[PDB]
Amino acid sequence: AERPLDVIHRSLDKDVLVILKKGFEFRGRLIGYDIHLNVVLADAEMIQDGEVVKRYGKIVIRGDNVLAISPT
Amino acid sequence: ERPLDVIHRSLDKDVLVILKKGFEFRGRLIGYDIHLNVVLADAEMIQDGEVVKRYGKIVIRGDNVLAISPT
Amino acid sequence: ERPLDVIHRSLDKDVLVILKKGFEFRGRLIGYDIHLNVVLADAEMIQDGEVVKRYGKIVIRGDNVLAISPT
Amino acid sequence: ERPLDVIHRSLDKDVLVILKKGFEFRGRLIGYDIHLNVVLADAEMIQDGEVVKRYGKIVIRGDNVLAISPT
Amino acid sequence: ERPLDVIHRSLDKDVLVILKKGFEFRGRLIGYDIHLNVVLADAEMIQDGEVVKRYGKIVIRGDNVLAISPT
Amino acid sequence: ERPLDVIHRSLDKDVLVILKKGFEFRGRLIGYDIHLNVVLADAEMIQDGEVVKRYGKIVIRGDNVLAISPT
Amino acid sequence: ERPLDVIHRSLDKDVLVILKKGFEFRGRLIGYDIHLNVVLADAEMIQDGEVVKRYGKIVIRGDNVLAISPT
Amino acid sequence: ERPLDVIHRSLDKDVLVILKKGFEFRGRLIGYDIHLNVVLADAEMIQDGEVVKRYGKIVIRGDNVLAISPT
Amino acid sequence: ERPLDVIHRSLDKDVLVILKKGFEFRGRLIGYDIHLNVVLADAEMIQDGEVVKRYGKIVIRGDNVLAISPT
Amino acid sequence: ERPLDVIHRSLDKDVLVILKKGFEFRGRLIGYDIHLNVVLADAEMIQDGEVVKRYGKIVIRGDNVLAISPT
Amino acid sequence: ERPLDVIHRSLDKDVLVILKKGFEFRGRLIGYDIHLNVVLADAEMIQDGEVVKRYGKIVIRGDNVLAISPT
Amino acid sequence: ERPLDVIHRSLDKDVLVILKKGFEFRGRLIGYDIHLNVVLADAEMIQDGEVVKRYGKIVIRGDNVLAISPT
Amino acid sequence: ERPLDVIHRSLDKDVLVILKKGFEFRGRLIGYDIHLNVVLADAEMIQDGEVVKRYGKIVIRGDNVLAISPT
Amino acid sequence: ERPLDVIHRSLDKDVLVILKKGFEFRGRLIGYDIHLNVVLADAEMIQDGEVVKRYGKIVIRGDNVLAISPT
RNA sequence: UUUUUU
RNA sequence: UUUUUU
RNA sequence: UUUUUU
RNA sequence: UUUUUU
RNA sequence: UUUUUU
RNA sequence: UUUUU
RNA sequence: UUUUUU
Ligand SMILES: [Ca+2]
Ligand SMILES: [Ca+2]
Ligand SMILES: [Ca+2]
Ligand SMILES: [Ca+2]
Ligand SMILES: [Ca+2]
Ligand SMILES: [Ca+2]
Ligand SMILES: [Ca+2]
């Protein structure tokens, strides 16, 4: 029953939340990932203290910076 | 009782995910892997006994995990 | 007297897990793995000489371990 | 869609390499590798939205990367 | 004399283990492995030139080691 | 222009090694390896745009590299 | 003039080990290995420019080295 | 339709296992692995067109397989 | 020009599979993997210019393969 | 039912071990490993259909196996 | 000089591929890999000094190769 | 009772090594390794029930082994 | 002196390459690798004591090698 | 006494190398490696009990080895 | 990409 | 589970 | 593709 | 290329 | 080289 | 041992 | 699938 890469695979093309280790989190459409847990987000927004401080049409995030990922 | 025995048996049960970052997550274990990445459902980010956040389902990268305790 | 010999023979006995962070755990070792992850039963988190929390059972990622001592 | 499909397609294109340590780099991606090391030509270090330095060509260890955004 | 030749010849000898953090353990080396995890007997934690603790036996995870010096 | 292509073409040329800590070394690239460890001759440790130290030859462990750039 | 060539080359010669945490080690190189672990003889630890400690022999874990320099 | 895609789709179906030796087995594929080992049910060993034997269940070492055909 | 380039650019095309045993199969290449296992559709086992057998779909373990030739 | 599921479920049951060399062994599977090496108790070497030898306990190198059959 | 140096320098040149079994292939080398798999264009299967077959292009699996000689 | 368990328990005991070749050895097991290489003392080569040779101590290459049987 | 030590030292010297197939090659060793593949210049395919063939340069897949002797 | 322990102990000594091809070499062991490749000086090829050839020094691919016995 | 499908 | 024992 | 150049 | 020197 | 000694 | 253990 | 693209 239901593992890391299953939820993530199934979350393809759906909106997710990427909480990083640093302190901030990104939000956007999950369009891809890899075994390292690297993820590609479309129409992403960099959220900080609850405020969208930056946006990117597409962004590739190194999975080692990832604290968690949640589907929205 | 090895780490993966305890974890695997905790499936569908409530567990505590103590992160090294300071805070912890509490929720229902529904999945995991060799890296100790874990999946919780009906999870709550807790900070000082304070539920400061909730998630329907959340995947936690195992290298952030400090420890895991089954409720 | 190798790391895994000592740890292994400590099965079902009381150990002292020192984390690199700051605190430590005290409890009966009931499991472990080649990554040095360890499972403790009747564990008590310790901060500055005082128990601050108790876990019936807890899996600690060996990655946060400084040392382990058979008490 | 996949991490590298994106990076690969960004060759000879402008990108933003967001560093873990705080700042970021902007330049034309002219190279990379499976470790995510990236090569930029005509790049600038960007601290607080401002250019603090320029490099005609610079190699960045993927070790220090947080993200890479095409364009 | 390679790293592990020196360590291997220190079995049952007194050694100094200088940790990364800021302190070190002094004691009799009775074991070790490839990761540089070491096992000391009749050991003592030394914080700023002072024994702040004592362990009859302790397995230190090699990852926390800065240096080992045969005394 | 893969990372190692640029680094290879840099043999016996001057390069700037930007470290993670906060400083940089400037010298002639006369060697390197798969880990991105590099060797520099007639090198200068530079702190704040200032030559704070010098070394006829130095080996910089790749793990401390933020980026290397050909001047 | 690759990293290990220079290091190998320095066997039995005087070197300076720059650790990432600020201090350095001066001594005669007498051994090493692939992880960059180094063995020094007649070594002294240096901080803010002064000798703070001496070791007849010392094995440094390499994972802590920034650079090594012959002489 | 990679090799394992076809084999995966043949689960619970009838296949022909052509062995390097010269004979073959015929049966219902009920399992397999990455080495190409295969498990057949109600299998009949065939030699020059003759059923020479029957096995309600048999595990064949893929090392002995030349080809598998979905019938 | 590389072995796998040719194979990959042969998908959905007719190929000639020469086995080491002595014979050969002809058919349309509908799949393969890095072990050089291959999948043919509408295949014909050939013994001295004669169609001795026919398989609508067959998977061959690359280990039995001597060479593969397009058209 | 994967190759190893079937084998594992046969522990302490009678099985047939068909070797590549033509003959076979019949016995009660009392063990095995991932290489497909298996152990049998009260085994019988068979050839042409007759017991030509008996062994109390025999370990067969998995590399010699053609197929294994339960019952 | 080294196997691949020689094999790499022969690209687009005529080579003789001597197979373990009873024969050889002659043709222009257009591609190869690390398994020593070779790709020949305008190839002729040679046997007992005579040409028995011609292939516009053929991929030879390295483990069937005995030796490769640059014409 | 896994393969390497039976072999380990036969140390300093009499065993029978059936070679895949054609003949077999008989002697006292004094050592082995992961490859199933084995070392025998007072070994006797046996062919067709006849001792054709004797060895004080012989080292046998594992991949030549068909089986091993404790006397 | 070790396998590769001897081989390395025979560079540019005449050697005998005894193949497993039976025949042997004689030539000047100009190169080799860890798989034990070797390159001979001015080579002679020797059979039953007769030079039945010659090659200016030839790469021999070490997989067919039985031995190599320095002349 | 593990396989390689016996082999190592035999250095600079007379041993017998029983090849799987049938014949056997004899000579002084002056080297070897983890593949079981061995080197003999002043070696003799023994075919059916009689010396058929001599070698000042020969390197034998451990792949053809059946066993080795210290004279 | 996780579904045994490398 | 480290005890060669995967 | 081997040339340290993954 | 073996020489710890990847 | 195998000896815990990469 | 295979059962994500 | 090989095309750096895991
Ligand atoms: Ca899958
Ligand atoms: Ca063990
Ligand atoms: Ca290269
Ligand atoms: Ca070397
Ligand atoms: Ca050793
Ligand atoms: Ca399991
Ligand atoms: Ca690709």
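Note that these values count all heavy atoms, side chains included, but never hydrogens, waters or copies made by symmetry. Convention: sequence-line order gives letters A, B, ...; per-chain numbering from 1.
Separation of the P atoms belonging to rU2(U) and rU6(O) is 12 Å when rounded to the nearest angstrom.
Looking at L11(B), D33(B), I30(B) one by one, the single match for side chain to side chain contact (heavy atoms under 4.5 Å, CB included) with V39(B) turns out to be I30(B).
The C1'-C2'-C3'-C4' torsion of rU4(P) is negative, which assigns its sugar to the south, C2'-endo side. Nucleotide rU1(S) carries a south sugar; the sign of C1'-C2'-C3'-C4' is negative.
Remark: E1(I) CD to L29(K) CG distance equals 9.0 Å, nearest 0.5 Å.
The minimum heavy-atom distance linking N37(E) with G62(E) is given by the pair OD1-N, 2.5 Å. When all heavy atoms are compared, the tightest approach of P71(A) to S11(A) is CG-OG, 3.2 Å.
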Sugar-phosphate atoms are those with a prime plus P, OP1 and OP2; base atoms are the rest. Using that split, label each nucleotide of nucleotides 1-6 of chain U B, S or - for protein heavy atoms under 4.0 Å, 5' to 3'.
BB-BBB
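With sequence neighbours excluded, the residues satisfying ring pair (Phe, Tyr, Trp, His ring centres under 6.0 Å) with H8(L) are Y32(L).
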